[PDB]
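One structure below.
Don't worry about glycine lacking a Cβ; one is built from the backbone with ideal geometry, like all the others, and counts go over all protein chains shown. Bear in mind these aren't lab numbers, they're just calculated from the coordinates by the rules spelled out.
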Amino acid sequence: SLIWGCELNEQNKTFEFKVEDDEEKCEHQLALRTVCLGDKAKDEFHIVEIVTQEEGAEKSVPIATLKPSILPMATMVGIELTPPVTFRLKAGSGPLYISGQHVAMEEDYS
Amino acid sequence: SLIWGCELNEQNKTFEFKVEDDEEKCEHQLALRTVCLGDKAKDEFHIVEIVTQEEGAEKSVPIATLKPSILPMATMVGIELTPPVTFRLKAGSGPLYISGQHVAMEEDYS
Amino acid sequence: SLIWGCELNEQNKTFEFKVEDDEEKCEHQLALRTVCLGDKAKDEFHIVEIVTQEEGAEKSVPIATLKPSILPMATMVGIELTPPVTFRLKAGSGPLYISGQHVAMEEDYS
Amino acid sequence: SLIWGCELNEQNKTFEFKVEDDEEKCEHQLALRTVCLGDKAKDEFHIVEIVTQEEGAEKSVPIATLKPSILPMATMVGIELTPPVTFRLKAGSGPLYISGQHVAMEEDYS
Amino acid sequence: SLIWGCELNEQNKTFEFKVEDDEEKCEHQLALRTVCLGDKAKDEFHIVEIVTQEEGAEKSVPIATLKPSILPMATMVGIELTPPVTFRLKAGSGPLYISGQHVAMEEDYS
């Protein structure tokens, strides 16, 4: 269970998540828990999406929209992703810090 | 586990959820997690309901009422629906983005 | 699993929940999920209680206090009641919409 | 599963929880769910603690700090206490209503 | 299951968690539940992180950012740490009270 953190900002409107192939030995995903505003964040709506492929096209999932004047935080409940993953901001300058865990589910044939 | 997203707006006061019949092979429902305001949303109360049939009549379930000045967001906990489903706005212009998963429960005779 | 909704207002300061005796065949309770402000709700504190009998007297349990200016909503987590049940407003004009399910636990002798 | 409610106020800065010895037959604790402001509550920070003995000294656990202007409510998740218990206000006038259940875990030797 | 509480303040920008070696007999971690503002807390952003070693370097995990004017509280869900642990404030004067349990998982070879 590795510990992971990243940031989505105006230089990082698109971020790519890819765990190292070694952890792919025990079948691996990414579990996400918290998202918080950065120190350079502006007072606007910051729309973070989780992005993968659906129907062969780039599918985006609006997860949160952080704003200092409404709610600059998010607690990510039950969100588990298959690497590679994309994190996007369709609007906003950031930074928005993403915190999660590189989780590797153990062999379970029960 | 397909990934689903839609929007309820003033052109989409009523939205119809129907998964493709193929996923009906392994018995299927829709699990919902998050709802967020759209970029064209206005500052008013936006009442989203989940709608099915009860007693033979159209039964609505007020789920959320999003408003930028009070709470423009909702985290949908433990909400699982049987397709076809209806999503309604009894008031509001939208858009309000709905995010969930096409979940298909596996055969479990335990 | 029947779907249930009611409203506590100034004409409905006390509401009585009683499921039909047929669902009493498979042992039955009421599970509650969400509560939202009504369209005629005023800007005041609306104190909803779940009421049953304790020590032989009318026992009330303050569950929520909805107000448009503080928090007009509630997400009811882990609340399961034995019918008949009473829902009360010790203050407020309403309406406050209550959403839940008539749940009937199946025979489980494990 | 008895139903319990109390209030911490300026006359009740310290409250003592003690279930009757009869329920001690089946091994008993107290599970807490919700806390709400009283009707006589003032606009200040009301710091409620759960208090027991640690290292032989009076140990307090700040659980919540209710205030009408910030957040007058709390939903107590996963809080289970061994009677006798103390509930304290290190600041505030109250009342603050505490709601929970006298829970008695059944014999389970599995 | 020992009960633990600490505070991160301007004299305690860095706090070290280390359980006594005796509890290391039954394999031990720290489970965290609540965080609340101190009585001497100021109106600023107080960024608490959980810190351990990753890639051989000091890795920090922004957990919360408490502020009286936005949200002075946090409910820590599903957070379990391996002692020794570090708790940091990258900004803020504190105090910020951390509440948790010294939990020791029992032998389970199932």
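Some observations on this one:
- Conditions (1) out of contact with any helix residue (DSSP H, G or I) (no Cβ under 8 Å at 6 or more places or on another chain); (2) more than 13 Å from chain C (Cβ to nearest Cβ); (3) surrounded by fewer than 19 Cβ atoms within 10 Å (Cβ to Cβ): number failed by B:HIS102: (1)
- Considering (1) among the aliphatic types (A, V, I, L, M); (2) within 12 Å of chain C (Cβ to nearest Cβ); (3) under 27 Å from B:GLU20 (Cβ atoms), the lone condition that B:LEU89 does not fulfil carries the number (2).
- Of all residues in region B:13-51, those that are surrounded by fewer than 17 Cβ atoms within 10 Å (Cβ to Cβ) and either among the charged types (D, E, K, R) or farther than 30 Å from C:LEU37 by Cβ (or both) total 16.
- Residue in region B:4-20 that is within 14 Å of chain C (Cβ to nearest Cβ) and without any contact (Cβ under 8 Å) to a residue 60 or more places away in the chain present: no
- Residue count for region B:49-65, restricted to those that are facing chain C (nearest Cβ under 10 Å) and among the aliphatic types (A, V, I, L, M): 4.
- Matching residues, region A:82-102, being of a type in the set (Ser, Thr, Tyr), part of a strand (DSSP E or B) and farther than 16 Å from A:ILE3 by Cβ: A:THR86
- Considering the conditions (1) crowded, with 21+ Cβ neighbours inside 10 Å; (2) within 14 Å of the chain's Cα centre (by Cα); (3) more than 10 Å from chain D (Cβ to nearest Cβ), E:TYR97 is excluded by exactly one of them, (3).
- Within region E:24-35, if we keep just the residues that are away from every other protein chain (no Cβ under 14 Å) and either in a strand (DSSP E or B) or not hydrophobic (A, V, I, L, M, F, W, C) (or both), the residue that is farthest from the chain's Cα centre (by Cα) turns out to be E:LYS25.
- Taking region D:36-81 as the range and being among the small types (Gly, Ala, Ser) and either assigned to a loop (DSSP other than H, G, I, E, B) or over 13 Å from the mean Cα position of the chain (by Cα) (or both) as the test, the residues that pass are D:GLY38, D:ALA41, D:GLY56, D:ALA57, D:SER69.
- Some residue of region D:52-72 being in contact (Cβ under 8 Å) with a residue 40 or more places away in the chain, under 21 Å from C:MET73 (Cβ atoms) and touching a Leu at 6+ places or on another chain (Cβ under 9 Å): no
- Residue check for E:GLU44: facing another protein chain (nearest Cβ under 10 Å), among the charged types (D, E, K, R), out of contact with any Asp or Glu (no Cβ under 7 Å at 6 or more places or on another chain) and in contact (Cβ under 8 Å) with a residue 24 or more places away in the chain: no
- Selection within region D:82-100 - out of contact with any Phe, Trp or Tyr (no Cβ under 7 Å at 6 or more places or on another chain) and of a type in the set (A, V, I, L, M): D:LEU89, D:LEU96
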